[PDB]
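Enquirer: Structure of the sequence below:
(chains A, B, C, D, E and F, ligands or ions: 6)
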Amino acid sequence: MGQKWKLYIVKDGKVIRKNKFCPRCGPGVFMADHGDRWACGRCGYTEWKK
Amino acid sequence: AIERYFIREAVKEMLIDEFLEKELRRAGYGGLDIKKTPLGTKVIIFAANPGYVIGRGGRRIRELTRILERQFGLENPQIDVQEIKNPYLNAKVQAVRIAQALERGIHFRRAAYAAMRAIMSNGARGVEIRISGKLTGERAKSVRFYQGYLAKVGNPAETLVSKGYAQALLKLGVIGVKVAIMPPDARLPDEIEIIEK
Amino acid sequence: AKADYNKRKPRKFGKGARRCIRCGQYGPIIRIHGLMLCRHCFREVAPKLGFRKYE
Amino acid sequence: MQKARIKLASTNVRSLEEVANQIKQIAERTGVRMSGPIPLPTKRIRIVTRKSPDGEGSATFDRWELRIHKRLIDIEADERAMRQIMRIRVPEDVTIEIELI
RNA sequence: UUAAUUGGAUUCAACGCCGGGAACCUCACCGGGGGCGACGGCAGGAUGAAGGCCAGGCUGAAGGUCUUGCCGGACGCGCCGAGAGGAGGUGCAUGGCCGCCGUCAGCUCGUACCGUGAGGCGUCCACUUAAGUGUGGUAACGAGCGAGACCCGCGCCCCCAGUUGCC
RNA sequence: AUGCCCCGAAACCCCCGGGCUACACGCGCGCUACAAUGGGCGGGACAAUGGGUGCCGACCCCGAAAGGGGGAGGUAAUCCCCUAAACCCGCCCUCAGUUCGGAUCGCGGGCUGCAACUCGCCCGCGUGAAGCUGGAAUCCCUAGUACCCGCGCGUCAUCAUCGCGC
Ligand SMILES: [Mg+2]
Ligand SMILES: [Mg+2]
Ligand SMILES: [Mg+2]
Ligand SMILES: [Mg+2]
Ligand SMILES: [Mg+2]
Ligand SMILES: [Zn+2]
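Expert: Residues are numbered from 1 along each chain as shown, chains lettered A, B, ... in the order given. Ligands and ions are numbered 1, 2, ... in the order given. The relevant structure is shown in the block below.
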């Protein structure tokens, strides 16, 4: 089953997490990085990712 | 119109009764009756063991009401149990009694004579039992027991006599039991007397 | 979705639109004045539904 | 006045006549006129069916039948009687409907 | 004959029969595609199982799979036993129901007598009836279920009723 | 409903397309005819059982016809289905494969349906097959009964040469 939850761009001293929150639900839940759209993964959203 | 009213409120009772038969298989569910008044109905069940039907201090009738109101109609129900009118003149109790006795392990001849003696004791005019299944063999059979007057055809032998049927599952197969009791007041047309002076 | 492969379709006519209220079969079902039963169950429940046979 | 109109309808014939005569008497005891129970045509529902489960053997049928007797009563409105016909306590196999004109 | 042309019924008493006038369903039949193991234990599991989706291929069409990466927050057919469910077999293992001998006139019982016994008598004879329905004689005298009586319609008269019926 | 034996990631549960409607042939039950004890055209007469709220549709208006757009009143002795056909009078045909018989096919217009090719039903014009009373055999009926003519429920989203009633 391995391990995969990382690369939420992060260093020491400060953080600016890679992917934004979700505008649909409350904040905290992230979006996709497919490369063409922020699919939002579960709620449906195709803003042609900014 | 109005017929669609009469034969929509006659079916609900059929379904309720046909379900409670199964559910109160033991404790000899005798029959029910719905009294439809304003603001809700009221159900009555003449069991043969108020204890088992009620529950352990009322922990079953709750389920009975919720089930009888969620899956059936009867928007405001109120159940209560009672005791049988005449358990020895109601065929559809003797049928289940004999079926239970059979599937507990008694031989099929002791049960029938027990039952007939009890019935003709409590004051019936005539009774007839008829058992038929795979008893004592692998080719089925049939047997008959009777006691007195009992009408079979015509109009009088459709409304006066009381008849009931049951099953009794076993390790070999099933067995059908069919009883028929005559209430102690027959009064066939032939019984003409002379009011004298 | 594993709830999209054992779920039926909502018919509203044809022999598969109605089933007996007590047995559960499609086919010969009575629709006169509303009650919805087989031709086989109506025959062994009728004298408790109120009916009688005069002729 | 306003001539209430009551409509009874039941499947047992006897258990209808008794509520009819109750209404008749109640009207009579007090002061009010009335039009006696006017019999309306019976509505008999009939259901023909086959008899055997399988298809073998000759074809023999059944004729089940259910009869529904109706009546109709016309009466005036006096609260002494308009109320007196409220504690009448119909049986469970009878239908009653009241309406004025 | 066909990939399939699903089955049951074969004198009366099988063949507009299974209430069977099937476009999908009904459907049990041929081609194809996908889901389903309450419960006890096994590899494994909060370093994150089971389990779900915007877009794109395969496809008849489908997040059904794979590409792509998002989410959800505890269980686990990848392993063993079991268990649902079955228009799968057997009507020659059964129950219930129904057709036919037949709406034909039969089928028995209590006590007594006759035979070593299976059995018989009553239930036979004579006339009469749609009928073991009757009337007489008789080692027989009495009974029970079926028949008749009972229930529903039709044809004639009288009383009570008169709206939504009649004039 | 049910005992025993097999299926048990399948013989269990859903979804799309096909079949049960295939056709050298033997048979059962029926419908229409082989004409005058008739075919067509125009007029005139008289019923009962039953059914309707997911439904029955009066009345008005478009269409040659199927049908279409509006839409009172009806939870029923009230409103609707619902001015039946065989029967009668008047004119054409005159014993002929015909003005008998309407199978089989071409083209065009519609209704129900999520879908009419396989395989639904309905309308208008056209084409016009066998059939001239039936061998040996065999069936049903005793009175408002047999024969002859139409109607209503069931099944039903549409489709009755059928079943059960009048
Ligand atoms: Mg099919
Ligand atoms: Mg015999
Ligand atoms: Mg077929
Ligand atoms: Mg012609
Ligand atoms: Mg077609
Ligand atoms: Zn049923």
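Enquirer: show me what contacts the closest residue to residue B:91 other than its chain neighbours?
Expert: Nearest non-adjacent residue to residue B:91, counting by CB to CB, 6 or more residues apart in numbering or on different chains: residue B:164, 3.8 Å away. For every residue, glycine as well, the C-beta is placed using N, CA and C. The neighbours of residue B:164, taking CB atoms under 8 Å, 6 or more residues apart in numbering or on different chains as the test, are B:90-95, B:178-179.
Enquirer: go with 6 Å
Expert: The contact partners of residue B:164, by CB atoms under 6 Å, 6 or more residues apart in numbering or on different chains, come to B:91-92, B:95, B:179.
Enquirer: Those residues: which two are farthest apart?
Expert: Longest distance between any two of the contacts of residue B:164 is 7.9 Å, between B:92 and B:179; criterion CB to CB.
Enquirer: Compare the two and say which is more crowded by neighbours.
Expert: Higher neighbour count among residue B:92 and residue B:179: residue B:179, with 27 against 18, using other CB atoms under 10 Å in any protein chain shown.
Enquirer: What parts of chain B come near chain D?
Expert: Within chain B, the positions near chain D by CB under 6 Å from any CB of the partner chain are residue B:3.
Enquirer: would residue D:20 count as being in a helix?
Expert: Yes - counting by DSSP: H, G, I helix; E, B strand; the rest coil, residue D:20 is part of a helix.
Enquirer: how about the residues of chain C near RNA strand F?
Expert: C:5-9, C:11-15, C:17, C:29-33 (CB under 7 Å from any atom of the strand).
Enquirer: hmm, 6 Å instead?
Expert: Taking CB under 6 Å from any atom of the strand as the test, the list of chain C residues beside RNA strand F reads C:5-9, C:12-15, C:30-33.
Enquirer: ok, and of these, which contact chain B?
Expert: residue C:33.
Enquirer: Buried among the residues of chain C next to RNA strand F? Need that as a selection in ChimeraX.
Expert: For the buried members of those, the matching ChimeraX selection, counting by 16 or more other CB atoms under 10 Å in any protein chain shown, is:
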select /C:30
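Enquirer: ok, so of the contacts of residue B:164, who is nearest ligand 6?
Expert: residue B:92 (21.1 Å; CB to the ion).
Enquirer: ok, now which ones touch that closest one?
Expert: Counted by CB under 6 Å, 6+ apart, residue B:92 has contacts residue B:164.
Enquirer: What of residue A:19?
Expert: Applying CB under 6 Å, 6+ apart, the residues contacting residue A:19 are A:30-31.
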